[PDB]
Amino acid sequence: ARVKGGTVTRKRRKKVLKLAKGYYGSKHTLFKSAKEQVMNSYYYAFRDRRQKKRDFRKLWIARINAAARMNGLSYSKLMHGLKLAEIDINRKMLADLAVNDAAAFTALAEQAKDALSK
Amino acid sequence: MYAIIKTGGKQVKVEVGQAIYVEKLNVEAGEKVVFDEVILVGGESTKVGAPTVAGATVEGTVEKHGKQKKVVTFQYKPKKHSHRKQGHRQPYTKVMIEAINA
Amino acid sequence: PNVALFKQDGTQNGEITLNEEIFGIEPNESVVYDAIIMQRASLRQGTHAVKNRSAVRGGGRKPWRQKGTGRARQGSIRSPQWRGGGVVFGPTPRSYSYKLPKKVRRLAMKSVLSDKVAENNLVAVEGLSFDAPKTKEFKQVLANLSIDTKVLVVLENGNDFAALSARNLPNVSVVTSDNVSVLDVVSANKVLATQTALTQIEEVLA
Amino acid sequence: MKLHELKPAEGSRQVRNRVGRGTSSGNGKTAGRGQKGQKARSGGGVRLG
RNA sequence: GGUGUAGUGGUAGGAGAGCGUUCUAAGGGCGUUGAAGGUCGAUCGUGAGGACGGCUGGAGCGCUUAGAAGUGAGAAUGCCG
RNA sequence: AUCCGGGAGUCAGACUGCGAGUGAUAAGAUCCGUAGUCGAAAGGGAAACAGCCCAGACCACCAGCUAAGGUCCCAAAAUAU
RNA sequence: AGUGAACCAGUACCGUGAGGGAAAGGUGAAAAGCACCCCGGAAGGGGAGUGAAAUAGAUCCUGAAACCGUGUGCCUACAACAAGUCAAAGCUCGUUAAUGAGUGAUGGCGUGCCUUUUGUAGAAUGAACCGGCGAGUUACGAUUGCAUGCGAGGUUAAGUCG
């Protein structure tokens, strides 16, 4: 009882080629080229889910430094001041305030300045 | 009118009339929720309280339990003839906001 | 175990007490699975072959040289990887049949007839007589006893008019009482056995 | 027992192992034989004793 | 079923449990009011993989349970086109 | 941990502390002993870097604290006392 | 695939010779196989007709990929690029309806796949590309684990009827 290899390989290969839409040239049209490229993209995406969380933290931190130097402080002294006062705002909300509500950011910077005035 | 709340393991910015996505809650759709911990009540004048603002809550209604889009995590070691593949979809709940503390 | 008796049309002409060692003995289910599988693998005709490297009508010469030609070393026009070459490890003529020990054969026969009885699926009848072989009268008889499923008809002996009349009906199978197998009883929904044939089966299963 | 509901007894039949059918099964690419040597060849090995 | 606590990199290699192909049996189904195959889609599952809809196509094919295997391809300075 | 049984693979190692021989107390040299990493180990530091310093990836997050190493600009944090 | 050979095959073809040796199946239910006209030397094409269907027209069932073209939504002539991945304005659409789809200036990060190696991006090895084919099988013995029937016992071989 013989088993022809009819329509299984074409389905698997067309599933692979559909993931390669938008690539350059023979990297979206030939199966071997696309196979290798798709493997590399899997590697890159796993790597970059972890690197994302670092990039936004550096972005927030630099915006907060910029805002605080306008209120007579630097980033490190203002973070210490907020900790000595028991304030628990993220660096995300801090930067969001720094860009949207400058008066709220100044209220907070004054609390920090009074905390480390002791 | 602003409030900042601790939900999940993170913090969110909140407003009356707007809807928010959040980690899964253990509350069926249509029922009411109280977010106890408020970090800051902005708006016109800010209430910058040590960890939480004393006596402010935020009220809402759960609308929908869902799933995020799918993530694929695939892993291979070049030249070592081996790989392993795994999928994952993440739960969430959607909440509408009503009556920041009054 | 007592079964009711019928006539070619009628009613409850009493009952018939059958053996308890044959028709009432609590079937064993893996023994029946084994019997069915052995019998089905026993009907195969394993007549299949293919040609290996040395049977294909072909070449003993080395087709090109071993080196120099900028080629790949090849040994014959008939190698497994050449188009038109011979097959590596195909089907060969084989047997497919085996035997189970004698006590489990007998245990499976007893168990399958006893299962038929434990659900009022065996139907006993005094006699099946016919002056001519007529299919139409057999169908009337079959409806006389309200039988509407696949049925095994177990007959006695040179009751040849009945077997002729019961052929050709597409729900009906006919077997004599010296030739019942395990696969005949499992496939039918009911058994229609005559009183004579029932004692004759009790005589050989003992 | 009906011919459309067969079931062997538990533990009585096992499947089979097919070597040389991909990496993730556990036995692709050299099929359990290790790297090179007399024992990696077809018909390789030394006589008993 | 709850709840706690602990664990979950991996080549050679051992152990477990599954996905898909073709054919046999028994059962229950579909089809010119359009089967298989082909093409497109923004769909589902932890993986192999599974559906539903459009267009093409013109006569056969699924599903359940068990069985049997010429049962899975990217590489051999492989063979044919 | 020990005892009985089924199935293996390995018998080309490399560098870095430490302590010895051969060498010229030369070699990314060679041959032994003892500990680690690599082999079979991703992530941060060392410009780039198998084997050095920190640390062992089941998965999701636009949350938090630290290690080695750092804070004038490239490039996150003191133009600190 | 199955005979080397489903077809005018031990043929065409190759060799002084002995000898070696292929490729090549499918319109439609029925030839109803396109009368007549127009462009053109013809080939071929466009109407008109046959037919359920001609994009079933003889290179005739279905008609995949490589490869070659035509039309368009978005980008591109100061820029060093294993070609993607993560972040993201503008433009263009509107789906198995849901945390929608295509393209994308600009910014961070990043030396293919396989084999053999102490060790590889390797200036070590293989592959032009696409499709098909292409590798732990069976017979008879020996041993262990699991499963079933009998149990101080267990079991038949050749053969005879079927």
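Residues numbered from 1 in each chain as written, not as in the entry; some residues may be left out. Chains lettered and ligands numbered in written order. Part of a larger assembly, values for the part shown. Heavy atoms only, no water.

As stated in the entry header, the method of structure determination is cryo-EM and the reported resolution is 2.9 Å.

Engineer: Just checking my understanding: could you explain the protein's contact with RNA strand F for this structure?
Structural biologist: By nearness alone, 32 residues border RNA strand F, and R49, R50, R69, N90 and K92 of chain A come closest of all. Restricting the count to atoms of RNA strand F within 4 Å of the protein gives a sugar and phosphate share of 83%. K52 of chain A is positioned with one of its side-chain polar atoms (N or O) 3.0 Å from a phosphate oxygen of RNA strand F. Contacts to RNA strand F include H88 of chain B, whose side-chain N or O atom sits 3.5 Å from a base oxygen. Contributions of two or more residues to the surface near RNA strand F are made by helix 2 (31–68), helix 3 (75–84) and helix 4 (91–100) of chain A together with strand 9 (83–88) of chain B. Among the elements that line the surface near RNA strand F, the one with the most residues is helix 2 of chain A, at 13 residues. Looking at the surface near RNA strand F residue by residue, the class counts come to six nonpolar, eleven polar and 15 charged. (Near = heavy atom within 4 Å. Polar contact = N/O pair within 3.5 Å; in protein donor to acceptor, adjacent residues only side chain to side chain. Helix = DSSP H or I, 4+ residues; strand = E, 2+ residues; numbered from the N terminus. Nonpolar A, V, L, I, M, F, W, Y, C, P; charged D, E, K, R; others polar.)

Engineer: Explain the interface of chain A and chain B to me, please; I cannot follow it from the model alone.
Structural biologist: Think of interface size as the accessible area that goes away when the parts come together; that is how it is often given. Listed by partner, the interface residues are 20 residues for chain A and 20 residues for chain B. Overall, the association of chain A and chain B removes approximately 1800 Å² of surface from exposure, summing both partners, and the carbon and sulfur fraction of that is 61%. Considering only the surface of chain A that becomes buried against chain B, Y42, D88 and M93 of chain A emerge as the three largest contributors, covering 28% of it. For the interface between chain A and chain B, the tally reads one salt bridge. (Contact = heavy atoms within 4.5 Å. Buried area = accessible area lost by both parts, 1.4 Å probe. Salt bridge = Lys/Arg side-chain N within 4 Å of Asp/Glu carboxyl O.)

Engineer: Even after reading the chapter, I still don't get the side chain of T7 of chain B, so can you show me in this structure?
Structural biologist: The residue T7 of chain B is located in strand 1 (residues 3–7) in this model. For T7 of chain B, the residues in contact, after removing those within four places along its chain, are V12, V22 and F35 of chain B.

Engineer: Sorry if this is basic, but what is going on with the interface of chain D and chain C here?
Structural biologist: Facing the seven residues of chain D at the interface are nine residues of chain C. Contact between chain D and chain C buries roughly 760 Å² in total, counting both sides, with carbon and sulfur atoms accounting for 70%. Together, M1, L3 and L6 of chain D form the three largest contributors to the area buried by chain D at its contact with chain C, with a combined 68%. Linking chain D with chain C are zero salt bridges, by the criterion used here. Class assignment for the residues of the side of chain D that touches chain C results in five nonpolar, no polar and two charged.

Engineer: I would appreciate a short explanation of the protein's contact with RNA strand G in the present structure.
Structural biologist: Around RNA strand G, the surrounding shell holds 61 residues, and the nearest of these are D48 of chain A, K79 and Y92 of chain B, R57 of chain C together with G11 of chain D. Counting only the atoms of RNA strand G within 4 Å of the protein, the fraction contributed by sugar and phosphate is 75%. Between RNA strand G and the protein, one listed contact pairs a base nitrogen with a side-chain N or O atom of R33 of chain D at 3.1 Å. The side chain of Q35 of chain D places a nitrogen or oxygen atom 3.4 Å from a phosphate oxygen of RNA strand G. Of all elements in the fold, only helix 1 (8–18) and helix 2 of chain A together with helix 2 (102–117) of chain C reach the threshold of two or more residues within the surface near RNA strand G. The dominant element in the surface near RNA strand G, judged by the number of residues it contributes, is helix 2 of chain A, at twelve residues. Residue composition of the surface near RNA strand G, by class: 18 nonpolar, 16 polar and 27 charged.

Engineer: Any chance you could explain the arrangement of the chains here in plain terms?
Structural biologist: Taken together, the three pairs of chains in contact show their highest number of contacts between chains A and B. One thing to see here is that chain B and chain C don't touch, and their nearest C-alpha atoms sit 25 Å from each other. The smallest C-alpha distance separating chain A from chain D is 14 Å, and no contact links them.

Engineer: Even after reading the chapter, I still don't get the environment of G43 of chain B, so can you show me in this structure?
Structural biologist: Residue and element names in this part refer to chain B. If you trace the backbone, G43 turns up in the loop between strand 5 (38–41) and strand 6 (47–48). The exposure class assigned to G43 is partly exposed, which follows from its relative accessible area of 28%. Each C-alpha atom, one on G43 and one on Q18, is 15 Å from the other, the two residues being 25 residues apart in sequence. (Buried < 20%, exposed > 50% of the residue type's maximum accessible area, 1.4 Å probe, protein only.)

Engineer: Before we go on, may I ask you to explain a positive patch on the surface in this structure?
Structural biologist: Residue and element names in this part refer to chain A. Together, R12, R13, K32 and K35 make up a positively charged patch on the protein surface. Broken down by secondary-structure element, the contributors of at least two residues to the positive patch are helix 1 and helix 2. Here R12 shows up in helix 1. (Patch = residues over 30% accessible without salt bridge, like charges linked within 9 Å, V, L, I, M, F, W, Y side chains within 5 Å. Areas by Shrake-Rupley, 256 points an atom, 1.4 Å probe, with all protein chains shown as cover. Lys, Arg positive; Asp, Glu negative; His and termini not counted. Charge placed at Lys NZ, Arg CZ, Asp CG, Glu CD.)

Engineer: Help me out: how do you make sense of the sheet that holds strand 3 (residues 19–22) of chain B in this one?
Structural biologist: Residue and element names in this part refer to chain B. Strand order in this open sheet of four strands is 3-10-7-4, and the pairing throughout is antiparallel. Only two strands of the sheet have a single partner each, and these edge strands are strand 3 and strand 4 (32–35). Each strand of the sheet is rotated relative to its neighbour by a mean of 40°, with strand direction disregarded. As judged from the nine bridges shared by strand 7 (residues 58–67) and strand 10 (residues 91–100), these two strands associate in the antiparallel manner. Across the sheet, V62 pairs through a bridge with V95, a residue of strand 10. (Pairing = 2+ DSSP bridges. Axes fitted to C-alpha atoms, helices over the stretch in contact; angles between N-to-C directions.)

Engineer: Sorry, what's going on with the nonpolar core here?
Structural biologist: Inside soluble globular proteins, nonpolar side chains tend to come together where they are buried. Core analysis: the largest hydrophobic core is formed by 29 residues, its most contacted members being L152, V154 and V182 of chain C. Elements with a contribution of two residues or more to this core: strand 1 (2–6), helix 1 (29–41), helix 2, strand 3 (122–125), strand 4 (151–155), helix 5 (182–187), strand 6 (190–194) and helix 6 (195–205) of chain C. Counting residues per element, this core draws most heavily on helix 2 of chain C, at five residues. Counting 22 residues, the second largest nonpolar core, distinct from the first, contains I64, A104 and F105 of chain A together with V48 of chain B. (Core = buried A, V, L, I, M, F, W, Y, C linked by side-chain atoms within 4.5 Å.)

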